[PDB]
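Visitor: so I pulled this structure from the PDB, and the sequence comes with it:
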Amino acid sequence: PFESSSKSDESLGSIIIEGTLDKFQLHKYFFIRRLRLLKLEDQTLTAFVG
């Protein structure tokens, strides 16, 4: 649920973004992905940099 699913949370947000409902605010999935993936390994030295 941290970085093996860094592809999977992006793919799930992309599959939710295939639904075009409220496309300005349909990046709430992208906001949850940007919170989740960057908050996955927030304790790091360089691995969060990319």
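Guide: Nice, thanks for sending it over. Numbering: from 1, shown residues only.
Visitor: tell me the contacts of the most centrally placed residue in the chain?
Guide: For the chain, residue 33 is the residue whose C-alpha lies nearest the centre (Cα atoms, centre = their mean; 1.9 Å). With contact set as Cβ atoms under 8 Å, 6 or more residues apart in numbering, residue 33 has these partners: 9, 10, 12, 13. All C-beta spots, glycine's among them, are computed from the backbone N, C-alpha and C.
Visitor: one more time with 7 Å, if that's ok
Guide: 9, 10, 13 (Cβ atoms under 7 Å, 6 or more residues apart in numbering).
Visitor: and these, which of them are in helices?
Guide: Among the contacts of residue 33, the members found in helices (DSSP state H) are 9, 10, 13.
Visitor: chain neighbours aside, what residue packs nearest to the second one?
Guide: On the basis of Cβ to Cβ, 6 or more residues apart in numbering, the spatially nearest residue to residue 10 that is not a chain neighbour turns out to be residue 33, at 5.9 Å.
Visitor: for the one you found, give its distance to residue 45.
Guide: 23 Å (Cβ to Cβ, to the nearest Å).
Visitor: ok, now residue 1?
Guide: Distance from residue 1 to residue 45, by Cβ to Cβ: 21 Å.
Visitor: those two: who's more crowded?
Guide: The neighbour comparison of residue 1 against residue 45 (other Cβ atoms under 10 Å) goes to residue 1, with 9 against 6.
Visitor: what's the closest non-adjacent residue to the more buried one?
Guide: residue 40 (7.4 Å).
Visitor: thought that neighbour was touching residue 3?
Guide: Yes - counting by Cβ atoms under 7 Å, residue 3 is a contact partner of residue 40 at 6.0 Å.
Visitor: the two: which has the busier surroundings?
Guide: The neighbour comparison of residue 40 against residue 3 (other Cβ under 10 Å) goes to residue 40, with 17 against 12.
Visitor: quick one: residues contacting the more buried one.
Guide: So residue 40 contacts 2, 3, 6 (Cβ under 7 Å, 6+ apart).
Visitor: against residue 41, how distant is the last one?
Guide: In this view, residue 6 and residue 41 are 9 Å apart by Cβ to Cβ.
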